[PDB]
Structure formats: structure tokens, C-alpha cells
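Below is the file data30.cif, which contains mmCIF, C-alpha atoms.
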data_query
loop_
_atom_site.group_PDB
_atom_site.id
_atom_site.type_symbol
_atom_site.label_atom_id
_atom_site.label_comp_id
_atom_site.auth_asym_id
_atom_site.auth_seq_id
_atom_site.Cartn_x
_atom_site.Cartn_y
_atom_site.Cartn_z
ATOM 1 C CA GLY A 1 -134.990 31.497 57.425
ATOM 2 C CA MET A 2 -135.620 33.636 54.347
ATOM 3 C CA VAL A 3 -133.982 36.311 52.200
ATOM 4 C CA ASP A 4 -135.175 39.875 52.732
ATOM 5 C CA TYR A 5 -135.378 40.368 48.967
ATOM 6 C CA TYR A 6 -138.440 38.118 49.051
ATOM 7 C CA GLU A 7 -140.189 40.659 51.272
ATOM 8 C CA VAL A 8 -139.164 43.406 48.859
ATOM 9 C CA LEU A 9 -140.800 41.405 46.071
ATOM 10 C CA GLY A 10 -143.747 40.674 48.359
ATOM 11 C CA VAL A 11 -143.552 36.909 47.857
ATOM 12 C CA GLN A 12 -142.691 33.767 49.816
ATOM 13 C CA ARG A 13 -139.245 32.250 50.340
ATOM 14 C CA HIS A 14 -140.332 29.300 48.201
ATOM 15 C CA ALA A 15 -141.149 31.526 45.230
ATOM 16 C CA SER A 16 -139.668 30.278 41.959
ATOM 17 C CA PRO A 17 -137.312 32.313 39.778
ATOM 18 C CA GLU A 18 -140.290 32.797 37.464
ATOM 19 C CA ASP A 19 -142.379 34.076 40.370
ATOM 20 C CA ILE A 20 -139.526 36.446 41.181
ATOM 21 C CA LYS A 21 -139.758 37.659 37.586
ATOM 22 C CA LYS A 22 -143.488 38.200 38.079
ATOM 23 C CA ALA A 23 -143.139 40.313 41.220
ATOM 24 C CA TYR A 24 -140.253 42.186 39.601
ATOM 25 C CA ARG A 25 -142.284 43.126 36.526
ATOM 26 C CA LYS A 26 -145.392 43.957 38.551
ATOM 27 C CA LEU A 27 -143.572 46.191 41.030
ATOM 28 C CA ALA A 28 -141.631 47.822 38.200
ATOM 29 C CA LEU A 29 -144.997 49.169 37.068
ATOM 30 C CA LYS A 30 -146.470 49.665 40.526
ATOM 31 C CA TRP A 31 -143.750 51.928 41.911
ATOM 32 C CA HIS A 32 -142.696 53.465 38.598
ATOM 33 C CA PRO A 33 -141.673 57.108 38.961
ATOM 34 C CA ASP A 34 -144.175 58.072 36.268
ATOM 35 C CA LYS A 35 -146.896 55.793 37.629
ATOM 36 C CA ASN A 36 -147.076 57.299 41.115
ATOM 37 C CA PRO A 37 -145.166 60.587 41.163
ATOM 38 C CA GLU A 38 -147.492 61.815 43.907
ATOM 39 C CA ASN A 39 -145.996 59.403 46.429
ATOM 40 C CA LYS A 40 -142.499 59.675 44.966
ATOM 41 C CA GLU A 41 -141.080 59.043 48.436
ATOM 42 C CA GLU A 42 -142.416 55.511 48.869
ATOM 43 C CA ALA A 43 -142.306 54.885 45.121
ATOM 44 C CA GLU A 44 -138.649 55.801 44.631
ATOM 45 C CA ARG A 45 -137.446 53.843 47.658
ATOM 46 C CA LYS A 46 -139.289 50.612 46.870
ATOM 47 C CA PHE A 47 -138.801 50.945 43.114
ATOM 48 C CA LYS A 48 -135.032 51.078 43.605
ATOM 49 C CA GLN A 49 -135.122 48.234 46.126
ATOM 50 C CA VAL A 50 -136.913 46.038 43.590
ATOM 51 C CA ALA A 51 -134.041 46.526 41.148
ATOM 52 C CA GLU A 52 -131.538 45.238 43.703
ATOM 53 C CA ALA A 53 -133.790 42.447 44.961
ATOM 54 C CA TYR A 54 -134.355 41.021 41.483
ATOM 55 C CA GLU A 55 -130.786 41.309 40.211
ATOM 56 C CA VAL A 56 -129.208 39.724 43.284
ATOM 57 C CA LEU A 57 -131.887 37.246 44.345
ATOM 58 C CA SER A 58 -132.293 35.899 40.815
ATOM 59 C CA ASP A 59 -128.547 35.325 40.519
ATOM 60 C CA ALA A 60 -127.754 31.610 40.635
ATOM 61 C CA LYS A 61 -124.431 32.429 42.290
ATOM 62 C CA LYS A 62 -126.288 34.119 45.144
ATOM 63 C CA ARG A 63 -128.781 31.255 45.307
ATOM 64 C CA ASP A 64 -125.847 28.883 45.767
ATOM 65 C CA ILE A 65 -124.772 31.021 48.720
ATOM 66 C CA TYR A 66 -128.312 31.174 50.099
ATOM 67 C CA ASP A 67 -128.695 27.400 49.849
ATOM 68 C CA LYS A 68 -125.432 26.888 51.730
ATOM 69 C CA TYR A 69 -126.454 29.409 54.384
ATOM 70 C CA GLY A 70 -130.073 28.279 54.600
ATOM 71 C CA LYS A 71 -131.264 31.798 53.802
ATOM 72 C CA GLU A 72 -129.671 32.946 57.058
ATOM 73 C CA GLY A 73 -127.399 35.596 55.554
ATOM 74 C CA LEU A 74 -124.901 36.795 58.154
ATOM 75 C CA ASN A 75 -122.465 33.909 58.582
ATOM 76 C CA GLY A 76 -125.304 31.532 57.723
ATOM 77 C CA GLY A 77 -122.936 28.756 56.657
ATOM 78 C CA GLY A 78 -121.000 28.959 59.923
ATOM 79 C CA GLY A 79 -124.114 29.126 62.097
ATOM 80 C CA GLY A 80 -125.810 26.266 60.254
ATOM 81 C CA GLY A 81 -122.573 24.289 59.998
ATOM 82 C CA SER A 82 -122.939 23.513 56.296
ATOM 83 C CA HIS A 83 -120.303 22.324 53.829
ATOM 84 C CA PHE A 84 -121.163 23.351 50.271
ATOM 85 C CA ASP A 85 -119.128 24.951 47.491
ATOM 86 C CA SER A 86 -120.103 28.564 46.818
ATOM 87 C CA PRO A 87 -118.870 31.783 45.217
ATOM 88 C CA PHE A 88 -117.186 34.490 47.285
ATOM 89 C CA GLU A 89 -117.684 38.230 47.746
ATOM 90 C CA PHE A 90 -115.071 40.121 45.733
ATOM 91 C CA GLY A 91 -115.840 43.697 46.755
ATOM 92 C CA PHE A 92 -118.834 44.117 44.450
ATOM 93 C CA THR A 93 -120.479 47.544 44.331
ATOM 94 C CA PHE A 94 -124.166 48.419 44.040
ATOM 95 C CA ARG A 95 -125.679 48.925 40.588
ATOM 96 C CA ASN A 96 -127.839 51.874 39.548
ATOM 97 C CA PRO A 97 -131.431 50.709 39.989
ATOM 98 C CA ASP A 98 -132.364 52.786 36.944
ATOM 99 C CA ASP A 99 -129.794 50.922 34.853
ATOM 100 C CA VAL A 100 -131.273 47.613 35.992
ATOM 101 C CA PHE A 101 -134.734 48.603 34.766
ATOM 102 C CA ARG A 102 -133.157 50.093 31.648
ATOM 103 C CA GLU A 103 -131.615 46.714 30.835
ATOM 104 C CA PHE A 104 -134.725 44.612 31.309
ATOM 105 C CA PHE A 105 -137.491 47.016 30.298
ATOM 106 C CA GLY A 106 -135.795 50.202 29.115
ATOM 107 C CA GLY A 107 -136.985 52.207 32.120
ATOM 108 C CA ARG A 108 -140.560 51.906 30.875
ATOM 109 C CA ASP A 109 -143.881 50.438 32.002
ATOM 110 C CA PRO A 110 -143.569 46.687 31.471
ATOM 111 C CA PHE A 111 -147.288 46.525 30.706
ATOM 112 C CA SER A 112 -147.341 49.368 28.184
ATOM 113 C CA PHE A 113 -147.893 49.049 24.437
ATOM 114 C CA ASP A 114 -146.167 50.651 21.453
ATOM 115 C CA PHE A 115 -149.400 50.583 19.456
ATOM 116 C CA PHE A 116 -151.923 51.446 22.165
ATOM 117 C CA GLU A 117 -149.929 53.520 24.652
ATOM 118 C CA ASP A 118 -148.094 55.677 22.115
ATOM 119 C CA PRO A 119 -146.276 58.482 23.928
ATOM 120 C CA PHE A 120 -146.740 60.611 20.815
ATOM 121 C CA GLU A 121 -150.508 60.152 20.947
ATOM 122 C CA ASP A 122 -151.213 61.657 24.366
ATOM 123 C CA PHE A 123 -152.901 65.021 24.897
ATOM 124 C CA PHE A 124 -151.634 65.342 28.463
ATOM 125 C CA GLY A 125 -148.197 63.860 27.786
ATOM 126 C CA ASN A 126 -148.260 61.371 30.659
ATOM 127 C CA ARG A 127 -146.477 58.632 28.716
ATOM 128 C CA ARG A 128 -143.028 60.182 28.322
ATOM 129 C CA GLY A 129 -143.928 61.681 24.948
ATOM 130 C CA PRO A 130 -142.893 64.851 23.121
ATOM 131 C CA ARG A 131 -143.336 68.338 24.604
ATOM 132 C CA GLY A 132 -140.416 67.858 26.993
ATOM 133 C CA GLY A 133 -139.084 64.627 25.494
ATOM 134 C CA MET A 134 -135.398 63.792 25.911
ATOM 135 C CA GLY A 135 -133.534 63.694 22.598
ATOM 136 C CA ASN A 136 -136.417 65.469 20.867
ATOM 137 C CA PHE A 137 -134.939 68.931 21.404
ATOM 138 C CA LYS A 138 -132.868 70.278 18.515
ATOM 139 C CA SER A 139 -131.929 73.705 19.864
ATOM 140 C CA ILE A 140 -133.106 76.361 22.314
ATOM 141 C CA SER A 141 -132.148 80.028 22.027
ATOM 142 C CA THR A 142 -132.708 82.164 25.121
ATOM 143 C CA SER A 143 -132.343 85.944 25.295
ATOM 144 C CA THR A 144 -133.289 88.198 28.206
ATOM 145 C CA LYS A 145 -133.372 91.996 28.372
ATOM 146 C CA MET A 146 -134.601 94.707 30.736
ATOM 147 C CA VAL A 147 -137.335 96.997 29.421
ATOM 148 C CA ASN A 148 -138.634 99.769 31.677
ATOM 149 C CA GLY A 149 -137.732 97.730 34.754
ATOM 150 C CA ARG A 150 -139.438 94.658 33.308
ATOM 151 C CA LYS A 151 -137.690 91.335 32.705
ATOM 152 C CA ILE A 152 -138.313 90.385 29.076
ATOM 153 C CA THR A 153 -137.312 86.835 28.156
ATOM 154 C CA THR A 154 -137.648 85.309 24.692
ATOM 155 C CA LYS A 155 -137.079 81.594 24.111
ATOM 156 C CA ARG A 156 -136.916 79.915 20.707
ATOM 157 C CA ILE A 157 -137.511 76.217 21.339
ATOM 158 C CA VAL A 158 -137.115 73.672 18.545
ATOM 159 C CA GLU A 159 -138.451 70.193 19.295
ATOM 160 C CA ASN A 160 -139.374 67.374 16.916
ATOM 161 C CA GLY A 161 -138.592 69.786 14.086
ATOM 162 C CA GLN A 162 -141.192 72.237 15.381
ATOM 163 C CA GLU A 163 -140.361 75.769 16.514
ATOM 164 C CA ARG A 164 -142.173 77.564 19.334
ATOM 165 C CA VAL A 165 -141.381 81.066 20.580
ATOM 166 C CA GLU A 166 -142.133 81.906 24.211
ATOM 167 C CA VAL A 167 -142.072 85.511 25.416
ATOM 168 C CA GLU A 168 -142.322 86.168 29.152
ATOM 169 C CA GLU A 169 -142.537 89.321 31.259
ATOM 170 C CA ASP A 170 -141.416 89.067 34.884
ATOM 171 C CA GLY A 171 -142.027 85.320 34.756
ATOM 172 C CA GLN A 172 -145.433 85.668 33.105
ATOM 173 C CA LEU A 173 -146.013 84.351 29.585
ATOM 174 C CA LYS A 174 -147.150 87.279 27.443
ATOM 175 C CA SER A 175 -146.943 85.792 23.950
ATOM 176 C CA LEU A 176 -146.509 82.362 22.366
ATOM 177 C CA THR A 177 -146.027 81.491 18.697
ATOM 178 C CA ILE A 178 -145.932 78.076 17.031
ATOM 179 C CA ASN A 179 -144.371 77.809 13.574
ATOM 180 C CA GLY A 180 -145.329 81.398 12.771
ATOM 181 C CA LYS A 181 -148.835 80.915 14.160
ATOM 182 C CA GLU A 182 -149.495 83.043 17.241
ATOM 183 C CA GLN A 183 -151.615 81.232 19.828
ATOM 184 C CA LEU A 184 -154.237 82.821 22.076
ATOM 185 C CA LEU A 185 -153.090 82.429 25.677
ATOM 186 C CA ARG A 186 -156.540 83.442 26.918
ATOM 187 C CA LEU A 187 -157.685 79.942 25.975
ATOM 188 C CA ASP A 188 -155.211 78.484 28.466
ATOM 189 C CA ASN A 189 -157.051 78.095 31.771
ATOM 190 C CA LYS A 190 -154.754 75.436 33.221
#
Using C-alpha cells, write down the structure that the file contains.
Amino acid sequence: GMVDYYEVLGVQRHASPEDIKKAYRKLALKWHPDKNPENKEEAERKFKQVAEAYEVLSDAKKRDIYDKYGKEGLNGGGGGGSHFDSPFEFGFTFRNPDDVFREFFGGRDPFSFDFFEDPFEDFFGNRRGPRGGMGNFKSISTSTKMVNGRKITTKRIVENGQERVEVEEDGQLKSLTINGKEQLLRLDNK
């Protein structure tokens, strides 16, 4: 009948490889972890499914199998009674969906721009930019002590060459300094 991966892509069984590429790219954005983190439940599940769907469905070796079977799947060739040459299952494991998207996109929004959607030009940091960026951290020094029953924690965080000191008391930020310039926390109403 049809291959379930088509339903994952949201297309018809007669969709071309190029149309598979379309759905793949579109859904890569649509259900991207950073696109819809609010519904991470539906997003994660479908996002990962898209990885599998694309990789397998787009494989000519699997298409050969599907053509033999008639898109029947379970023992399709036997049920249909077909006689075509096809590749065999050799105990192949499942691939990390994240690695799939890493290969083809880099784990990033397919429809993003390096000149317009610059991660390092984002006040809020909703483009995988600095301020919590992986590989951007040089070194973090953490030291905690007890003062009059109070938990005093000081963190020296170096990121992108910039140093910021964070001093907390019982889990509450008391002082914050950036490159020797103390910032006023009263301005932070987030």
C-alpha cells in the first residue's frame, strides 16, 4: 500500500525523492528542539522520526525493497508473490536522529542565515549564540563557603574571552561583575 515514513513526512506514497527532501527540510525546522521547546514532547518524537524516515526512505536500497514488496512491508514480497532482486537486512542498528540532522544541516535551522540570523547578534540568545554557547567556555572556577549559616558561592566564568563573576547567597544572586565592571542587579526585572 504505502510506507509509513511517508506519513511521517506528511506526503503521499507517490512523492518524489526531491519531495521527500522538501518535507525533511521543512519538518527539520518545524519540530526543531529550539523552534518549539514548549511542546518538546511532540517536537522531540516527530523530529527524531523525521530523521529515520528520511534516511531510510530516501535510500535506493530500501526503495528497491519497497518496489519488490509493493510498499507492503512485512513479508510484502511473499504476500504479493513478486520476483525482484533486492538487498537484505544484515542486522542494521538505528542511527542517532541528532547525528542525521548534524550530517545534513549541522543540527541547525535549515532556513536560517549566517548573515541575518547571527547567533552572536541576538539580545535574547534564542539562536544558539554565546552566553551558554558550547565550546565558548574557556574555564569556570567555583568556590563555596559557609558564612554565618549562609551559603556563599562565587563563580568565575570565562566565555568568549570575557570574564564574569557571580556571587550568590543561599541560591540568590547578590553581586555580579563583568570584566571588572560591577553590574546593578536592580535593573534585572526578568
* Between atom CA of residue A:114 and atom CA of residue A:48 - distance in Å to one decimal ->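 So the answer is 24.8 Å.
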* Which residue, A:29, A:125, A:67, A:97, has the smallest gap to residue A:80 when you use only C-alpha atoms? ->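 Answer, going by the shortest atom-to-atom distance: A:67.
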Report as a compact mmCIF listing (two decimals) with C-alpha atoms, keeping the file's coordinate frame all protein, DNA and RNA residues lying within 10 Å of residue A:81, evaluated on all atoms listed in the file, omitting residues in the same chain fewer than 5 positions from it.
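Okay, around_37.txt is ready:
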# COMPACT_ATOMS: atom_id res chain seq x y z
CA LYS A 68 -125.43 26.89 51.73
CA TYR A 69 -126.45 29.41 54.38
CA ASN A 75 -122.46 33.91 58.58
CA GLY A 76 -125.30 31.53 57.72
Box along x, y and z, 6 Å on every side, all listed atoms of stretch 2-21 of chain A inside: centre and edge lengths in Å to one decimal, as lines of an AutoDock Vina configuration file.
center_x = -138.9
center_y = 36.4
center_z = 45.9
size_x = 21.8
size_y = 26.1
size_z = 28.9
* Distance criterion (all atoms listed in the file): nearest to residue A:126 out of A:26, A:178, A:2, A:34 ->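 Between A:26, A:178, A:2, A:34, the residue approaching residue A:126 most closely is A:34.
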* Identify, on the basis of all atoms listed in the file, every residue whose closest approach to stretch 49-54 of chain A does not exceed 8 Å; exclude the query and any residue fewer than 4 positions from it along the same chain; express the result as number ranges by chain. => A: 5-6, 8-9, 20-21, 24, 27-28, 45, 58, 95, 97-98, 100-101
* Asked: Residues at most 10 Å from residue A:43, counting all atoms listed in the file, excluding those fewer than 3 positions away in the same chain, as a list in words?
  -> residues 27, 28, 30, 31, 32, 33, 34, 35, 36, 37, 38, 39, 40, 46, 47, 48 and 49 of chain A
* Selected by the PyMOL selection byres ((chain A and resi 147-156) around 7) in the shown coordinates: which residues, as a PyMOL selection string? -> chain A and resi 140-146+157-158+163-170
* Could you work out how far atom CA of residue A:7 lies from atom CA of residue A:96, giving the answer in Å with one decimal? ->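 Between these atoms lies a distance of 20.4 Å.
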* **Two-atom distance - atom CA of residue A:136, atom CA of residue A:25 (Å)** =>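 These atoms are spaced 27.9 Å apart.
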* A:61, A:17, A:128, A:71: which is nearest residue A:3, counting all atoms listed in the file? ->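 That would be A:71, the residue with the smallest distance to residue A:3.
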Residue members of the PyMOL selection byres ((chain A and resi 137) around 7) in the file shown, as a tab-separated table (two decimals) with C-alpha atoms, keeping the file's coordinate frame:
chain	number	residue	atom	x	y	z
A	134	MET	CA	-135.40	63.79	25.91
A	135	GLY	CA	-133.53	63.69	22.60
A	136	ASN	CA	-136.42	65.47	20.87
A	138	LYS	CA	-132.87	70.28	18.52
A	139	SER	CA	-131.93	73.70	19.86
A	158	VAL	CA	-137.12	73.67	18.55
A	159	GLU	CA	-138.45	70.19	19.30
A	160	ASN	CA	-139.37	67.37	16.92
* Give me the residues within 9 Å of residue A:65 as a list in words, counting all atoms listed in the file and dropping any in the same chain fewer than 5 places off. => residues 60, 70, 71, 73, 77, 84, 85, 86, 87 and 88 of chain A
Keeping C-alpha atoms for every residue in the selection just given, could you write it to a file as a PDB file, in the coordinates of the input?
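As written to disk, part-v3.pdb reads:
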ATOM      1  CA  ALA A  60    -127.754  31.610  40.635  1.00  0.00           C
ATOM      2  CA  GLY A  70    -130.073  28.279  54.600  1.00  0.00           C
ATOM      3  CA  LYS A  71    -131.264  31.798  53.802  1.00  0.00           C
ATOM      4  CA  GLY A  73    -127.399  35.596  55.554  1.00  0.00           C
ATOM      5  CA  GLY A  77    -122.936  28.756  56.657  1.00  0.00           C
ATOM      6  CA  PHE A  84    -121.163  23.351  50.271  1.00  0.00           C
ATOM      7  CA  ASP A  85    -119.128  24.951  47.491  1.00  0.00           C
ATOM      8  CA  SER A  86    -120.103  28.564  46.818  1.00  0.00           C
ATOM      9  CA  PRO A  87    -118.870  31.783  45.217  1.00  0.00           C
ATOM     10  CA  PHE A  88    -117.186  34.490  47.285  1.00  0.00           C
TER      11      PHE A  88
END
